[PDB]
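Take a look at this single chain, the form deposited in one PDB entry, given in structure tokens.
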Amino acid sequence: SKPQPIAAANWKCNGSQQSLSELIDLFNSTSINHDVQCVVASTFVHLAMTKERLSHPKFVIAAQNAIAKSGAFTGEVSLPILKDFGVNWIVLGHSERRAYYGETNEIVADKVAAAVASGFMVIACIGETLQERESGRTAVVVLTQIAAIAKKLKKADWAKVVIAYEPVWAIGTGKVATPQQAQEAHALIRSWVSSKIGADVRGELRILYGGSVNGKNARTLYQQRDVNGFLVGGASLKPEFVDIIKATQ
């Protein structure tokens, strides 16, 4: 089984022209032998340099966020502007946005709905916090966030949705997630889809692992039955991201 993997680089709020251009040069020089989709999410500022400079055909570029429509939202970027600029991929509802920037399950679901409508391929992020994990509410929690999103789509739309699982309870808390844990959460998501949506959609759905991934652990994680790739944080600003790509064969 297993659909086409995705290796997504999330740069977050990092980067300089010099540093980003060297990393891009690196990517452009990298031989990618299997069928993987590679995704580079840069700051809005860096989207133009990235777009001009990144030439390897296995890479696409993405935005890390947007609001649904244009207008009187000083400092924001809307979906129309991105589309006009030629960006078709977007990350939405990342935990850092849910924690710091006010995004609720319904705001994230609305964004997802809008992007999909405008024809974006969407990487949609879910996951439970330490408190949730501790009280045994992983299933509930994850399932509630996925259902919020699913309430606003139609079966054909799932075609342009990728799910990232974020083990937020393992992110800066001192807890460590293991590949078996990663696989349980992914299998739990996968089943829910097959049931509510359809085994068809379910078998073709990509579920990315959005916890701590590096060149050392990447391969083992990938070896998990329900892991279709990664949404990579810090290792994605380093030459080791190449290794993470290679781990998807």
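Residue positions are given as counts along the sequence shown, with the first one as 1.
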93 to 101 versus 174 to 182 - which carries the larger mean C-alpha B factor in the record: 174 to 182
Comparing 226 to 234 with 20 to 28, where is the mean C-alpha B-factor higher? 20 to 28
When the entry's CA B-factors for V45, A63, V213, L205 are compared, the highest one belongs to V213
Per the coordinate record, which of the options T220, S194, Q37, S55 holds the highest CA temperature factor? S55
Split into thirds by Cα B-factor across the chain's modelled residues, where does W158 land: lowest, middle or highest? highest
Among all modelled residues of this chain, ranked by Cα B factor, put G127 in the bottom, middle or top third, i.e. lowest, middle or highest. middle
Rank-wise, by C-alpha B-factor, drop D84 into the lowest, middle or highest third of its chain. middle
Please rank the C-alpha B-factors of the chain's modelled residues and tell me whether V201 sits in the lowest, middle or highest third. highest
Where does the C-alpha B-factor of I107 rank in its chain, lowest, middle or highest third? middle
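Another form exists, solved in complex with a small molecule; not displayed. Remarks below refer to it.
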Just one stretch in 92 to 100, 139 to 147, 114 to 122, 154 to 162 has heavy atoms within 4.5 Å of the small molecule in the deposited bound form, so which one is it? 92 to 100
How about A177 - does it come within 4.5 Å of the small molecule in the deposited bound form, if we only consider non-hydrogen atoms? no
Interface membership of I171, the small molecule in the deposited bound form, 4.5 Å heavy atom rule: yes
Are any of the heavy atoms in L20 no more than 4.5 Å from a heavy atom of the small molecule in the deposited bound form? no
According to a 4.5 angstroms non-hydrogen atom cut-off, is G234 in contact with the small molecule in the deposited bound form? yes
Residue among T43, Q224, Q181, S212 with a heavy atom within 4.5 Å of the small molecule in the deposited bound form: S212
